[PDB]
Amino acid sequence: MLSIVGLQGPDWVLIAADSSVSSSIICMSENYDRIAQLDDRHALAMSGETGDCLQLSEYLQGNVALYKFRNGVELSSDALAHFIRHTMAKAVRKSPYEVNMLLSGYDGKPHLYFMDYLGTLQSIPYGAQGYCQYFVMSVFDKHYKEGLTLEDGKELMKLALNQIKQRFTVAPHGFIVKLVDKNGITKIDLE
Amino acid sequence: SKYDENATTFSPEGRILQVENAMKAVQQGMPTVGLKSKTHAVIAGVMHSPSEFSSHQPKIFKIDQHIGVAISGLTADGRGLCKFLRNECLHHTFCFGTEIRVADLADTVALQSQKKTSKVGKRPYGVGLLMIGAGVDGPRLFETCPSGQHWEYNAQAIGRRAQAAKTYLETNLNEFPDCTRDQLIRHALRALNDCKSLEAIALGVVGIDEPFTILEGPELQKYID
Amino acid sequence: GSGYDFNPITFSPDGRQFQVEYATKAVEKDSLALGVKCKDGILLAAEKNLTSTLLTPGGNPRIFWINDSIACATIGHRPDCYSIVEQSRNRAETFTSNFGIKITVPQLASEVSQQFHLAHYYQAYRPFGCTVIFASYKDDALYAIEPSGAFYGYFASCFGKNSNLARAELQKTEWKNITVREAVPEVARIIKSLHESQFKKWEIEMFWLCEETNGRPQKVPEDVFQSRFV
Amino acid sequence: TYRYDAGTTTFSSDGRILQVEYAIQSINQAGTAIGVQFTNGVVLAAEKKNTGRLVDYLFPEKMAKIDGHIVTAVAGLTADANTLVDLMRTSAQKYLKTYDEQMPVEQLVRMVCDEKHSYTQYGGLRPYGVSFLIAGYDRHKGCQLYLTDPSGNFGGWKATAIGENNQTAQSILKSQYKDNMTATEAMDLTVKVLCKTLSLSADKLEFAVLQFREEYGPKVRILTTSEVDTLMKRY
Amino acid sequence: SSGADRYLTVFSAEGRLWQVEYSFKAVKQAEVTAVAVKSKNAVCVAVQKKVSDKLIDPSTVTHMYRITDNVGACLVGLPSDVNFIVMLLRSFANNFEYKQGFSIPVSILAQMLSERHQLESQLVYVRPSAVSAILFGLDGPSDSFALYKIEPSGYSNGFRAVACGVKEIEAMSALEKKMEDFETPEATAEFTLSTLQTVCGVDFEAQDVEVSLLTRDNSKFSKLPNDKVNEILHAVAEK
Amino acid sequence: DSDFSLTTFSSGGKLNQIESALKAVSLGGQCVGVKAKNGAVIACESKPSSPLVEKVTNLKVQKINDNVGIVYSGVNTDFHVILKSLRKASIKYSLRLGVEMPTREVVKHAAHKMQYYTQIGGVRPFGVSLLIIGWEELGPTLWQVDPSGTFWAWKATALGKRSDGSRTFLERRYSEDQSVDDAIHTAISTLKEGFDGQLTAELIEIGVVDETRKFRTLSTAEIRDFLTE
Amino acid sequence: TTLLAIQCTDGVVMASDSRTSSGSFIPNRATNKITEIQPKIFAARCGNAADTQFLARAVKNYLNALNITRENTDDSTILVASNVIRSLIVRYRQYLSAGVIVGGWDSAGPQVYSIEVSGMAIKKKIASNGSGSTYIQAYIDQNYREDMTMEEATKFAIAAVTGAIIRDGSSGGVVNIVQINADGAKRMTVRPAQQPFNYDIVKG
Amino acid sequence: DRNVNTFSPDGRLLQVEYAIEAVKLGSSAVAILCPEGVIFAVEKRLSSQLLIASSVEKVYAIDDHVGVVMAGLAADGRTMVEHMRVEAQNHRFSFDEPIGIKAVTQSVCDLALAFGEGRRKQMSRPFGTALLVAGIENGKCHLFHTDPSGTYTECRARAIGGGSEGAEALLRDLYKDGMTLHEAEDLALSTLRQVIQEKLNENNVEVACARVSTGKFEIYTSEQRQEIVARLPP
Amino acid sequence: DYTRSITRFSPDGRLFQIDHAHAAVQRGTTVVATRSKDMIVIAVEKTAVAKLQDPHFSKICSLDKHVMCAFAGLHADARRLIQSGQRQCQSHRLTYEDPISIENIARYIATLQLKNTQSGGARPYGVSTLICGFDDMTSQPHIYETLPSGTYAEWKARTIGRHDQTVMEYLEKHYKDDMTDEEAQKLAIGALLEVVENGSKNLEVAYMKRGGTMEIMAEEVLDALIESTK
Ligand SMILES: *C(=O)[C@]1([C@@H](O)[C@@H]2C=CCCC2)NC(=O)[C@@H]2CCO[C@@]21C
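Protein chains in written order, with the deposited numbering: chain K, 1 to 191; chain F, 4 to 200, 206 to 233; chain G, 5 to 234; chain C, 2 to 199, 203 to 239; chain A, 2 to 240; chain B, 3 to 231; chain H, 1 to 204; chain E, 9 to 129, 134 to 246; chain D, 3 to 58, 60 to 233.
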């Protein structure tokens with residue numbers, strides 16, 4: 001039930017994730033990077049058990065690199081999104097990966113995909129996995145404008161994360177936000 | 004020659020020439036001698052030293068508490084057969100809780116060697132085993148052949164120069180049943196001495217009550233006289 | 005002569021299975037073993053031409069237990085002989101597992117001839133250079149399987165060296181008219197007459213399955229007939 | 002055993018798999034197949050192996066569609082060609098199922114060449130005695146034409162030939178092939194090269213024209229008998 | 002890989018399966034001839050029972066076997082191959098009865114044996130089973146008699162009259178030159194034994210031939226006891 | 003271990019086992035196929051081993067499905083195995099797709115199986131060439147499937163004993179405009195040309211696909227009716 | 001279900017009811033619960049109908065397999081049938097709730113083996129199984145004699161299975177009799193009109 | 009013949025003898041056991057100066073206590089030493105102790121002769141590598157010799173490779189049971205230098221000691237190899 | 003499955019199949035891998051029909068972001084080696100999260116070739132591979148040459164394929180112990196040019212800088228370096 005929130009802009013994607021890793025009632029770390037950079041172009045925020053998320057992220061990143069090396073071409077964001085969807089569809093039926101993801105990738109066009117452990121793939125302008133969607137979707141609906149600037153995008157993502165902090169009972173102690181744009185995945189701070 | 008292709012090929016004379024080649028590989032091993040008294044059984048052999056400063060390659064092996072085998076031929080195949088025999092002893096001491104009879108071990112190793120000679124892509128074990136056991140069956144000596152058969156003996160010699168040992172055993176065959184453990188060991192060492200081309209001779213001795221034990225080098229000095 | 009003699013599954017242009025014929029040659033090389041059905045039971049006698057005087061007296065069996073009612077005389081390649089003996093024991097055990105009853109020599113012979121035939125029918129196998137005479141008084145059956153896998157019930161079977169003369173001599177006696185204890189001297193005389201002088205030391209490994217044995221296989225006791233000869 | 006084994010997955014004293022060299026020779030005994038890349042597509046042409054007054058030219062024999070963006074001409078054993086075309090179609094559709102994207106041409110060529118190579122390195126089976134001219138389009142590398150071998154070796158070619166008189170066709174292409182050609186120009190080039198190397205009946209020839217358009221996408225059309233006849237009569 | 006066309010079951014340069022023809026000659030090596038005649042009212046199969054040595058129990062020297070109660074099989078060939086084929090036809094029959102729930106027809110059993118002989122003639126690691134099989138019986142669905150021959154090649158056919166063994170050519174010639182739509186089971190048996198006796202060129206006794214005469218009354222397979230065989234032989238010695 | 007391929011390329015790129023299977027076809031009994039405008043025909047000279055053979059029990063012309071039919075030339079047992087496989091493929095196609103397997107799909111499945119047996123180890127190629135008739139959208143279709151697994155499409159062809167002479171006869175006496183009756187007459191005349199002695203309706207099996215697009219084996223009465231004319 | 005196989009001096013009488021029950025509904029009112037495994041070997045079936053029919057067909061397969069390599073097809077066939085019934089029940093004890101009484105005639109004479117749902121096979125002179133057999137246990141004990149002939153045992157088995165039919169809801173319909181002697185097996189059906197007793201025996 | 013597991017009419021596994029020949033075609037290696045330790049001196053064949061000598065290491069540390077030097081096919085020897093390393097770590101895992109030198113030697117030997125052909129899916137040919145396994149077990153250095161046949165023998169001194177026979181002949185009158193580790197290193201390097209076709213140098217030789225005092229199999233550095241080659245009489 | 007032990011020893015002790023795989027390598031295009039303190043450079047000569055084919060089919064491959072790979076020999080056996088090497092690099096990342104050591108991946112490729120020399124029914128890879136790259140765990144650029152025999156050796160500058168002996172002589176002559184990155188480029192380029200009579204239109208040169216990925220030299224910089232070397 002970890003809070004990962006994606007926000008797609010005209011030429012960027014702000015992908016944020018709960019940075020607090022936990023063991024039972026203990027917050028083991030306050031800066032755990034739950035967003036997985038499968039490629040230099042794609043950051044996969046993952047909500048789920050830390051072990052399942054780590055193993056799935058490593059598998060997907062290894063497969064993306066293997067596709068890049070086997071064939072001298074990098075996966076697209078639609079191709080990678082559907083590869084993740086195929087992986088999750090295989091898993092659910094046999095040996096399920098219990099991870100709900102937001103795949104944010106920039107391959108010349110911004111892309112944000114709502115993915116879940118079952119394998120529902122949907123390109124979204126904004127979304128979230130965990131209970132944070134119940135808190136952030138409305139704010140996006142209330143404040144997202146087409147053609148949103150990157151600064152307005154950071155403001156809107158900050159608003160969504162602040163809503164997670166304020167209204168979600170299990171408030172993440174912090175978030176790690178990453179900007180996925182033509183320059184790649186860069187970790188940022190929203191203040 | 005032209006039918007010496009596989010262990011699966013019969014020559015027009017009914018002979019498996021690859022089986023005969025493996026049997027010769029056994030006949031090229033160092034002299035191995037086995038004896039059997041009414042109370043004890045003995046296997047002895049001049050261990051092979053490939054180099055001057057190399058030790059003598061072990062030749063006597065303890066399969067179970069009252070079972071041992073002396074290999075003659077490819078020592079690697081001998082070790083594989085020793086592994087198989089120890090597995091058989093461990094599955095007979097698991098299924099039944101008692102020690103297997105050396106006759107049953109001879110049956111199993113003969114079956115394995117025959118299956119090696121009956122299916123293509125397999126070679127006969129290039130090693131012949133002088134197995135001595137003691138138990139409810141009494142002391143028993145079996146010379147297992149690569150072909151997939153074991154011959155029960157009161158005494159036997161295999162490997163190189165084994166005709167002299169066989170002659171000695173034939174001369175003293177009727178003495179062996181009443182020969183004590185010490186006398187059977189002495190007969191073994193004096194059948195090997197006729198094959199001499206001691207620190208090379210290793211001898212495993214077993215008895216109905218005495219568990220199989222391996223004596224090598226100076227330990228056998230007391231049995232020379 | 006031609007190249008049709010290397011592959012067991014290969015047929016000669018005359019329809020001959022040369023590898024099977026060489027397995028039969030291996031059988032013919034071995035010292036004769038025979039079986040006779042008698043009033044009181046069936047007697048299996050195997051001639052053991054002891055290559056070395058050091059061989060254990062009464063050891064190196066050629067007659068084997070297959071079941072508490074079935075014995076197996078063996079001729080030919082002794083590795084193949086005991087392989088078929090153990091495969092017959094396994095076939096009897098599997099038959100008991102599948103059907104509960106104890107196997108009969110006719111269908112035991114059929115099941116083991118199945119392996120005999122598979123040896124020269126599918127590649128990657130060597131034909132069994134052994135003839136196995138399964139005897140059972142409780143089944144009144146004496147079925148001999150040949151290296152090809154051909155198995156026949158016999159009134160008096162025999163295979164090995166001098167097998168033709170041994171069968172001709174077995175033909176001279178109506179074995180069912182007599183019991184096993186009086187059959188033993190006759191069979192012993194037959195084998196001694198055919199025993200080759202070159203083999204000085206030898207033995208007659210006799211077994212019988214009779215009422216005196218309650219139908220169980222049993223080596224003919226030494227007191228009844230000392231198997232060992234010089 | 003192995004007395005009657007041909008060592009299909011075994012090297013020769015020269016270092017070349019003699020079964021792959023014999024498969025290549027079999028291809029050289031097969032009907033000529035020519036591929037030519039033009040601006041936004043690739044034209045494949047081939048000579049039917051079955052060409053008689055009675056043979057009914059119902060469907061393409063040497064030409065096969067692998068996907069909406071990939072077509073293949075083949076020289077060599079048409080049966081092995083059908084088997085590998087089925088495998089290539091299954092692989093392209095597997096890649097479409099996995100990635101919701103049309104399989105890149107180089108990756109399908111690498112898949113068929115991995116199959117053909119595996120037959121030359123493992124299992125002691127007969128190699129696929131076929132050479133594919135795999136024309137196709139992918140976003141990554143535009144329109145491509147690959148020449149595969151029974152060894153499992155492939156190479157992109159602007160224009161190439163395989164089969165009987167493949168060297169003559171290659172020389173004719175080298176003398177005549179231009180870059181950034183049009184569909185009509187490349188098709189006429191293929192007609193000229195076939196006519197010189199190869203008789204010459206239109207129904208004996210097969211044509212397929214991969215063409216990438218920004219609007220429709222990558223479209224593969226294997227020219228029908230009427231289209232082939234109309235195209236050849238124009239020379 | 003050249004040279005396997007004569008030692009393995011692969012086609013030769015002339016397109017022949019030499020191993021199949023050699024399995025035919027191995028069938029000829031059985032030293033025994035079978036003749037089967039089918040009539041609207043019965044099917045009689047007589048196969049000479051040549052026991053080479055009288056030490057052998059003759060009841061075990063059989064070329065006629067019970068595949069099912071309704072389907073018999075007169076198998077001429079190598080005795081080992083004959084036993085393999087009896088066990089493989091019985092396995093076919095049992096598998097068919099377990100799946101389809103009814104006893105295997107002679108036609109389907111012949112098809113399955115032909116399929117096995119085709120796997121033998123194609124799989125180079127399997128010897129062509131040298132058994133010419135005469136399957137026969139009364140098919141219930143048609144309530145009519147079936148008589149099929151499956152050669153070692155697997156070439157299976159339905160026959161009004163068929164023959165196997167050493168005199169297969171001569172027996173088939175005599176059968177076709179004298180085949181009739183017999184009106185009695187005993188006329189079918191007489192023709193069967195007469196053709197077999199004539200082609201074998203030796204007088205027969207019940208000891209010297211196994212005869213199974215499946216009639217509409219006795220549809221179930223059974224080798225005729227020596228009484229009925231001798232009666233048929235006397236009927237054949239009448240004329 | 004016999005997993006090695008016995009069909010291998012020779013020094014010159016000639017699959018000797020394929021040529022051997024083709025020779026087996028060439029000595030496997032003449033079978034003709036003729037594609038008419040409104041149908042297709044496949045006949046064969048099914049001369050039995052003896053007059054005692056029952057024809058129905060080993061019919062060479064067989065049904066693959068309601069719309070597709072097959073005749074062969076070559077090893078009869080190989081044809082029976084391929085026929086069982088093709089019928090099983092057709093019923094599988096019906097199970098998965100509710101319709102009989104298309105004619106070219108049946109041909110491609112037979113070709114795939116034969117190629118498989120020409121490539122996998124421990125086996126020989128099927129020694130039969132199959133003439134498969136059936137209707138596609140554009141009309142009737144006749145298809146030759148060789149042991150190699152290569153499948154021609156023919157308007158007419160013979161591929162059995164004396165098939166070169168019969169194919170020359172078809173080249174000389176075939177026209178597209180022939181009807182199904184004309185195609186049957188052409189097939190029977192081709193069989194007569196390549197058969198020694200008088201041809202009989204008993205000795206040939208004919209299977210036709212007609213306007214109904216359903217494959218039907220002509221009964222001996224119908225074959226005799228055609229022969230008399 | 002009422003199964004009652006009696007090994008007589010001159011044959012085997014296998015009596016059964018004909019009522020297949022799905023709860024209180026009778027899907028089949030004329031059930032052949034005694035399956036002809038072989039012409040002289042029959043299997044009276046109780047417990048799950050599907051499991052018992054699979055058992056019958058599998059035992060037909062196993063007995064034909066017994067005949068693959070032998071010619072004495074009528075030898076030990078009933079004992080082998082009981083053994084295979086028992087090995088299938090113990091092998092599939094988790095999935096097969098089947099009890100079978102296999103009775104008939106073979107080379108060994110008349111035989112009746114009761115393999116229980118647990119997979120316990122016992123050669124029985126008098127064997128009964130099924131829910132209805134409980135109601136007639138005392139009746140059998142009072143009216144069964146070892147010396148009964150096949151006709152006497154047939155009458156007694158009809159009476160006992162009729163009593164079980166009357167007192168058991170799971171047992172009903174007609175009394176399927178099978179009389180197996182050396183000559184063969186004769187099937188009979190005792191319809192409710194021809195049954196010796198009626199529901200009127202209840203309360204006198 | 010024509011199959012790997014075939015016996016010559018002389019009773020020899022032909023592939024085994026040919027693998028022995030392959031070992032005789034490999035680089036020389038002398039193993040000298042002395043009560044202080046077992047010393048390997050190995051000819052590193054350098055086809056060029058560009059060849060990184062440390063990467064053609066014919067000496068492999070199977071474990072802390074046991075090491076191995078190869079002769080013959082370097083790749084088959086790599087497989088053998090990989091198996092030996094897995095066996096040594098498995099033994100430490102299963103019995104909380106260093107694997108015996110004889111034990112790991114026997115394990116790799118059992119692996120050696122497990123080659124086969126003709127059976128459905134194993135290695136297809138014998139290892140063309142002979143190993144000189146040596147290490148410290150129970151405060152004692154043990155030196156073993158494995159050859160492709162799968163037979164292993166404990167050795168006080170042994171030689172494997174091209175100069176194996178000549179090296180053994182030189183060791184005949186040069187090897188004694190009470191030598192110091194200094195003397196053992198000197199003898200190993202002298203025998204190697206004698207049985208190689210190039211002047212001995214620290215870069216073309218690989219020296220390693222299973223040292224009892226340290227109880228560990230270490231591989232000597234260039235400095236130690238120079239420290240030994242300097243002392244040699246030539 | 004098929005197990006015909008393609009690779010067997012000969013009486014003289016040679017694996018003739020390995021000799022034939024080496025011959026296949028020696029008929030492949032020349033590859034020259036050289037290293038500097040901080041950069042590795044690979045130069046493969048290319049034989050092609052410049053007017054009729056795309057020169058984008061490269062012998063140099065990237066097993067990982069730190070492992071560069073070139074080959075000489077059969078392009079299909081090399082493709083299989085490169086595919087397995089890329090899979091192994093990603094599997095090493097999966098199992099360890101650390102970039103696979105250049106020695107580790109070179110050992111893996113050599114072990115693939117070795118297994119093909121050891122696995123029955125498997126044809127030895129007719130490819131010699133130059134596995135180059137950088138290890139952060141060692142701070143050393145590495146260039147290993149894996150052979151068809153399955154033996155891998157690190158080199159300061161190694162060449163494979165046709166003309167490998169001439170290029171080896173050139174490398175030995177013109178190698179400096181402490182070359183700069185551009186000096187390594189010049190050595191590799193000149194060594195390849197020693198056997199090639201064509202410039203940038205033929206040669207293909209890639210390189211990997213310290214802590215960098217594989218970059219293919221342009222057709223402008225390559226030609227400039229070629230002219231500078233001359
Ligand atoms: C009897 O056992 C019974 C019947 O369905 C019966 C089953 C075996 C033979 C076929 C018909 N099994 C049942 O589940 C019910 C409940 C008790 O008796 C049944 C009627």
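The beta-carbon is built from N, C-alpha and C at its ideal position, and this holds for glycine as well.
Check whether the segment 21 to 32 of chain F and the segment 11 to 24 of chain E are in contact - that is, three or more C-beta pairs closer than 8 Å. yes
Taking only runs that begin and end inside the segment 26 to 106 of chain F, name each unbroken alpha helix (DSSP H) of 4 or more residues, in chain order. Within the segment 26 to 106 of chain F, the runs of alpha helix (DSSP H) at least 4 residues long that lie entirely inside it are, in chain order, 78 to 98.
Mind checking the segment 101 to 121 of chain C against chain K and listing, in chain order, the residues whose C-beta falls within less than 8 Å of any C-beta there? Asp-101, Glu-102, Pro-105, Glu-107, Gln-108, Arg-111
Examine chain F for any beta-carbon lying closer than 7 Å to the beta-carbon of residue 131/E, and answer yes or no. Since the model of chain E passes from 129 to 134 in one step, residue 131/E is not part of what is shown.
With distances taken Cα to Cα, identify the nearest neighbour of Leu-201/E among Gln-238/E, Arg-93/E, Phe-15/E, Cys-117/E. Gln-238/E
Exposed unless 16 or more other CB atoms sit within 10 angstroms - verdict on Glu-115/G: For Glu-115/G, the number of other beta carbons within 10 angstroms of its own is at least 16, and it is reported as buried.
Rounded to the nearest angstrom, what separates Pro-83/G and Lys-50/C at their Cα positions? If you take the alpha carbons of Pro-83/G and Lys-50/C, they lie about 58 Å apart.
Given that a residue counts as buried once 16 or more other Cβ atoms are within 10 Å of its Cβ, and exposed if not, what is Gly-102/A? exposed
So if I threshold CB-CB distances at 8 Å, which residues from the segment 8 to 35 of chain C count as touching chain D? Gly-8, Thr-10, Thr-11, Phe-12, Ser-13, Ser-14, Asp-15, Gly-16, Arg-17, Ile-18
Among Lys-119/F, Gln-152/F, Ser-14/F, which residue has its Cα nearest to the Cα of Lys-29/G? Among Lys-119/F, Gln-152/F, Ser-14/F, the Cα nearest to that of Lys-29/G is on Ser-14/F.
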